[PDB]
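Read the structure below first, then the notes.
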Amino acid sequence: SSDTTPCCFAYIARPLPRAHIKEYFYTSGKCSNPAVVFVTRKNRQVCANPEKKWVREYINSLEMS
Amino acid sequence: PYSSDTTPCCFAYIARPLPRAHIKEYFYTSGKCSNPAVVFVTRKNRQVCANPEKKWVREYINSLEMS
Ligand SMILES: O=C(O)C1=C[C@H](O)[C@@H](OS(=O)(=O)O)[C@H](O[C@H]2[C@H](O)[C@@H](NS(=O)(=O)O)[C@@H](O)O[C@@H]2COS(=O)(=O)O)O1
């Protein structure tokens, strides 16, 4: 029920704890900066750099379900 | 330096004025966003993007600041 789009303007500096992430999604291409959003169990939407190794690894684990 | 949590931005503006009585709050999207924008929060808690340059948008804001 919202017309807004979540975008990222900064990336979290250190790897987020894997245990508390329930899913992820890529921010819209409309956004100026590319980004991966890790959603935590407390519904925090954390921005991360798609080029980081840990980020790609977390995505892989979330993709294997 | 800035929050690493997602921030809402607008990429489209509602074409015509929303019913004034259905609006309870408003807020400008971050200056970090590509487009300047006003987001009106309706009483059903929906969020609508609007153009700050529009006359009705500025008037709605002036009204909201009174209530
Ligand atoms: O209380 C807020 O509404 C608010 C809190 C956060 O500090 C930040 O949210 S955000 O990281 O998702 O954007 C935001 O603070 C500022 C925001 O940084 C400003 N944009 S900027 O000048 O480009 O940096 C602008 O949008 O105003 C926000 C709130 O102003 S404040 O209430 O005085 O802090 O919003």
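Chain labels run A, B, ... following the order of the structure tokens; each chain numbers its residues from 1, and ligands are numbered from 1 in the order shown.
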
**Request:** Do a neighbour search on residue 42 of chain B at 12 Å with only C-alpha atoms, toss out local chain neighbours closer than 5 positions, and write the hits as a PyMOL selection string.
**Result:** (chain A and resi 1-2) or (chain B and resi 18-27+47-49+64)

**Request:** Determine, counting only C-alpha atoms, which protein, DNA and RNA residues have an atom within 7 Å of an atom of residue 6 of chain A; residues of the same chain fewer than 3 positions away are not included. Present the result as a PyMOL selection string.
**Result:** (chain A and resi 27) or (chain B and resi 6-9)

Give me, as CSV, the closest atom pair and its distance (Å, one decimal) for every residue of chain A within a cut-off of 12 Å of ligand 1, counting only C-alpha atoms and all ligand atoms, rows sorted by chain and rising number.
```
residue,atom,partner,partner_atom_place_in_ligand_line,distance
A:5,CA,ligand 1,12 (O),11.6
A:6,CA,ligand 1,12 (O),9.1
A:7,CA,ligand 1,12 (O),9.2
A:8,CA,ligand 1,12 (O),9.1
A:9,CA,ligand 1,11 (O),8.5
A:10,CA,ligand 1,11 (O),9.4
A:11,CA,ligand 1,11 (O),11.9
A:44,CA,ligand 1,12 (O),11.6
A:45,CA,ligand 1,12 (O),10.3
A:46,CA,ligand 1,12 (O),11.1
A:47,CA,ligand 1,11 (O),11.2
```

File dump, residues just selected, C-alpha atoms, as a PDB file, in the first residue's frame:
```pdb
ATOM      1  CA  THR A   5      10.806   2.330  -3.266  1.00  0.00           C
ATOM      2  CA  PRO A   6      13.516   1.281  -0.812  1.00  0.00           C
ATOM      3  CA  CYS A   7      16.966   2.426  -1.928  1.00  0.00           C
ATOM      4  CA  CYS A   8      20.460   2.194  -0.427  1.00  0.00           C
ATOM      5  CA  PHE A   9      22.945   5.007   0.117  1.00  0.00           C
ATOM      6  CA  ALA A  10      25.460   3.223   2.349  1.00  0.00           C
ATOM      7  CA  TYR A  11      26.610  -0.376   2.869  1.00  0.00           C
ATOM      8  CA  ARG A  44      15.567  -4.608   9.668  1.00  0.00           C
ATOM      9  CA  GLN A  45      16.394  -3.883   6.010  1.00  0.00           C
ATOM     10  CA  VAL A  46      20.184  -3.823   5.865  1.00  0.00           C
ATOM     11  CA  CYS A  47      22.044  -2.592   2.786  1.00  0.00           C
TER      12      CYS A  47
END
```

**Residue neighbourhood residue 17 of chain A, 12 Å, only C-alpha atoms, exclusion window fewer than 6 positions, as a PyMOL selection string** = chain A and resi 38-41+46+54-55+58

Please write the residues from the selection above to a file, keeping N, CA, C and O atoms, as a compact mmCIF listing (two decimals), in the first residue's frame.
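Output below, filename result04.txt:
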```txt
# COMPACT_ATOMS: atom_id res chain seq x y z
N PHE A 38 19.48 -7.32 3.08
CA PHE A 38 19.31 -8.50 3.91
C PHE A 38 18.27 -8.11 4.94
O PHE A 38 18.43 -7.10 5.63
N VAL A 39 17.19 -8.88 5.01
CA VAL A 39 16.11 -8.60 5.95
C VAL A 39 16.29 -9.49 7.17
O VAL A 39 16.34 -10.72 7.05
N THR A 40 16.40 -8.88 8.34
CA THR A 40 16.59 -9.65 9.56
C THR A 40 15.25 -10.06 10.16
O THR A 40 14.20 -9.53 9.80
N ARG A 41 15.30 -11.01 11.09
CA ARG A 41 14.11 -11.50 11.76
C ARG A 41 13.35 -10.38 12.48
O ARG A 41 12.15 -10.51 12.75
N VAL A 46 18.78 -4.22 5.93
CA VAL A 46 20.18 -3.82 5.87
C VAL A 46 20.79 -3.86 4.47
O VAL A 46 20.71 -4.88 3.78
N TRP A 54 31.40 -12.03 1.27
CA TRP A 54 30.42 -12.53 2.23
C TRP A 54 28.99 -12.32 1.76
O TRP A 54 28.11 -13.14 2.04
N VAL A 55 28.75 -11.24 1.03
CA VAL A 55 27.42 -10.95 0.52
C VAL A 55 26.99 -12.01 -0.49
O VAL A 55 25.87 -12.53 -0.43
N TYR A 58 26.30 -15.25 1.36
CA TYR A 58 25.03 -15.23 2.09
C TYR A 58 23.90 -15.45 1.09
O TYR A 58 22.97 -16.20 1.36
```

**Nearest to residue 51 of chain A, chosen from A:36, A:13, A:31, A:21, with only C-alpha atoms counted in the distances** =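 Result for the nearest residue to residue 51 of chain A: A:36.
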
Report as JSON lines: every residue of chain B with an atom at most 12 Å from chain A, its closest pair of atoms, and their distance in Å to one decimal, counting only C-alpha atoms, with rows sorted by chain and ascending residue number.
```
{"residue": "B:1", "atom": "CA", "partner": "A:10", "partner_atom": "CA", "distance": 7.4}
{"residue": "B:2", "atom": "CA", "partner": "A:10", "partner_atom": "CA", "distance": 5.9}
{"residue": "B:3", "atom": "CA", "partner": "A:10", "partner_atom": "CA", "distance": 6.2}
{"residue": "B:4", "atom": "CA", "partner": "A:10", "partner_atom": "CA", "distance": 4.6}
{"residue": "B:5", "atom": "CA", "partner": "A:46", "partner_atom": "CA", "distance": 4.6}
{"residue": "B:6", "atom": "CA", "partner": "A:8", "partner_atom": "CA", "distance": 5.1}
{"residue": "B:7", "atom": "CA", "partner": "A:7", "partner_atom": "CA", "distance": 5.3}
{"residue": "B:8", "atom": "CA", "partner": "A:6", "partner_atom": "CA", "distance": 4.5}
{"residue": "B:9", "atom": "CA", "partner": "A:5", "partner_atom": "CA", "distance": 5.3}
{"residue": "B:10", "atom": "CA", "partner": "A:4", "partner_atom": "CA", "distance": 5.1}
{"residue": "B:11", "atom": "CA", "partner": "A:4", "partner_atom": "CA", "distance": 7.5}
{"residue": "B:12", "atom": "CA", "partner": "A:3", "partner_atom": "CA", "distance": 7.9}
{"residue": "B:13", "atom": "CA", "partner": "A:3", "partner_atom": "CA", "distance": 8.7}
{"residue": "B:14", "atom": "CA", "partner": "A:3", "partner_atom": "CA", "distance": 9.0}
{"residue": "B:27", "atom": "CA", "partner": "A:4", "partner_atom": "CA", "distance": 11.9}
{"residue": "B:28", "atom": "CA", "partner": "A:4", "partner_atom": "CA", "distance": 11.5}
{"residue": "B:29", "atom": "CA", "partner": "A:4", "partner_atom": "CA", "distance": 9.2}
{"residue": "B:30", "atom": "CA", "partner": "A:9", "partner_atom": "CA", "distance": 10.3}
{"residue": "B:31", "atom": "CA", "partner": "A:9", "partner_atom": "CA", "distance": 10.8}
{"residue": "B:32", "atom": "CA", "partner": "A:9", "partner_atom": "CA", "distance": 7.3}
{"residue": "B:33", "atom": "CA", "partner": "A:31", "partner_atom": "CA", "distance": 8.1}
{"residue": "B:34", "atom": "CA", "partner": "A:32", "partner_atom": "CA", "distance": 7.5}
{"residue": "B:35", "atom": "CA", "partner": "A:31", "partner_atom": "CA", "distance": 10.5}
{"residue": "B:37", "atom": "CA", "partner": "A:4", "partner_atom": "CA", "distance": 10.0}
{"residue": "B:38", "atom": "CA", "partner": "A:4", "partner_atom": "CA", "distance": 10.4}
{"residue": "B:39", "atom": "CA", "partner": "A:4", "partner_atom": "CA", "distance": 8.1}
{"residue": "B:40", "atom": "CA", "partner": "A:2", "partner_atom": "CA", "distance": 10.0}
{"residue": "B:41", "atom": "CA", "partner": "A:2", "partner_atom": "CA", "distance": 9.1}
{"residue": "B:42", "atom": "CA", "partner": "A:1", "partner_atom": "CA", "distance": 10.2}
{"residue": "B:43", "atom": "CA", "partner": "A:1", "partner_atom": "CA", "distance": 11.9}
{"residue": "B:44", "atom": "CA", "partner": "A:1", "partner_atom": "CA", "distance": 9.2}
{"residue": "B:45", "atom": "CA", "partner": "A:1", "partner_atom": "CA", "distance": 7.9}
{"residue": "B:46", "atom": "CA", "partner": "A:1", "partner_atom": "CA", "distance": 5.1}
{"residue": "B:47", "atom": "CA", "partner": "A:2", "partner_atom": "CA", "distance": 4.5}
{"residue": "B:48", "atom": "CA", "partner": "A:3", "partner_atom": "CA", "distance": 5.4}
{"residue": "B:49", "atom": "CA", "partner": "A:3", "partner_atom": "CA", "distance": 6.0}
{"residue": "B:50", "atom": "CA", "partner": "A:3", "partner_atom": "CA", "distance": 9.7}
```

**Asked** DSSP says alpha helix (DSSP H) for which residues of chain A? Put them as a PyMOL selection string?
**Response** chain A and resi 53-64

Keeping N, CA, C and O atoms for every residue in the selection just given, could you write it to a file as a PDB file, in the first residue's frame?
```pdb
ATOM      1  N   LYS A  53      32.473 -10.519  -0.983  1.00  0.00           N
ATOM      2  CA  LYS A  53      32.454 -11.973  -0.936  1.00  0.00           C
ATOM      3  C   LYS A  53      31.396 -12.512   0.026  1.00  0.00           C
ATOM      4  O   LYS A  53      30.580 -13.353  -0.353  1.00  0.00           O
ATOM      5  N   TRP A  54      31.397 -12.033   1.267  1.00  0.00           N
ATOM      6  CA  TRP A  54      30.420 -12.525   2.232  1.00  0.00           C
ATOM      7  C   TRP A  54      28.987 -12.320   1.758  1.00  0.00           C
ATOM      8  O   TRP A  54      28.105 -13.138   2.037  1.00  0.00           O
ATOM      9  N   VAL A  55      28.753 -11.238   1.029  1.00  0.00           N
ATOM     10  CA  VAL A  55      27.417 -10.951   0.523  1.00  0.00           C
ATOM     11  C   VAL A  55      26.986 -12.008  -0.495  1.00  0.00           C
ATOM     12  O   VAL A  55      25.867 -12.528  -0.431  1.00  0.00           O
ATOM     13  N   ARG A  56      27.878 -12.329  -1.426  1.00  0.00           N
ATOM     14  CA  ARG A  56      27.593 -13.331  -2.449  1.00  0.00           C
ATOM     15  C   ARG A  56      27.368 -14.690  -1.792  1.00  0.00           C
ATOM     16  O   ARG A  56      26.515 -15.464  -2.220  1.00  0.00           O
ATOM     17  N   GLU A  57      28.146 -14.975  -0.751  1.00  0.00           N
ATOM     18  CA  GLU A  57      28.024 -16.241  -0.033  1.00  0.00           C
ATOM     19  C   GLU A  57      26.695 -16.338   0.709  1.00  0.00           C
ATOM     20  O   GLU A  57      26.046 -17.386   0.694  1.00  0.00           O
ATOM     21  N   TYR A  58      26.297 -15.250   1.364  1.00  0.00           N
ATOM     22  CA  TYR A  58      25.032 -15.233   2.089  1.00  0.00           C
ATOM     23  C   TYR A  58      23.901 -15.446   1.094  1.00  0.00           C
ATOM     24  O   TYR A  58      22.967 -16.199   1.358  1.00  0.00           O
ATOM     25  N   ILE A  59      23.983 -14.781  -0.056  1.00  0.00           N
ATOM     26  CA  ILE A  59      22.948 -14.926  -1.075  1.00  0.00           C
ATOM     27  C   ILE A  59      22.870 -16.379  -1.539  1.00  0.00           C
ATOM     28  O   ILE A  59      21.783 -16.931  -1.701  1.00  0.00           O
ATOM     29  N   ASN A  60      24.028 -16.999  -1.744  1.00  0.00           N
ATOM     30  CA  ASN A  60      24.069 -18.390  -2.171  1.00  0.00           C
ATOM     31  C   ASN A  60      23.358 -19.283  -1.162  1.00  0.00           C
ATOM     32  O   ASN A  60      22.553 -20.130  -1.539  1.00  0.00           O
ATOM     33  N   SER A  61      23.641 -19.087   0.124  1.00  0.00           N
ATOM     34  CA  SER A  61      23.015 -19.910   1.151  1.00  0.00           C
ATOM     35  C   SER A  61      21.509 -19.687   1.197  1.00  0.00           C
ATOM     36  O   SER A  61      20.748 -20.617   1.460  1.00  0.00           O
ATOM     37  N   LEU A  62      21.076 -18.455   0.942  1.00  0.00           N
ATOM     38  CA  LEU A  62      19.651 -18.147   0.954  1.00  0.00           C
ATOM     39  C   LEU A  62      18.965 -18.705  -0.294  1.00  0.00           C
ATOM     40  O   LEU A  62      17.754 -18.921  -0.302  1.00  0.00           O
ATOM     41  N   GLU A  63      19.751 -18.942  -1.341  1.00  0.00           N
ATOM     42  CA  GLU A  63      19.237 -19.480  -2.597  1.00  0.00           C
ATOM     43  C   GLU A  63      19.092 -20.997  -2.574  1.00  0.00           C
ATOM     44  O   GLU A  63      18.292 -21.560  -3.320  1.00  0.00           O
ATOM     45  N   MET A  64      19.875 -21.655  -1.727  1.00  0.00           N
ATOM     46  CA  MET A  64      19.825 -23.108  -1.621  1.00  0.00           C
ATOM     47  C   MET A  64      18.684 -23.550  -0.714  1.00  0.00           C
ATOM     48  O   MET A  64      18.300 -24.721  -0.708  1.00  0.00           O
TER      49      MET A  64
END
```

**Request:** Go through chain A and collect every residue that DSSP, computed from the backbone, puts in strand (DSSP E or B); the answer should be as a PyMOL selection string.
**Result:** chain A and resi 2+5-7+21-26+36-40+45-48

**Message:** If I take atom CA of residue 25 of chain A and atom CA of residue 36 of chain B, how far is one from the other in Å, to one decimal?
**Reply:** 24.9 Å
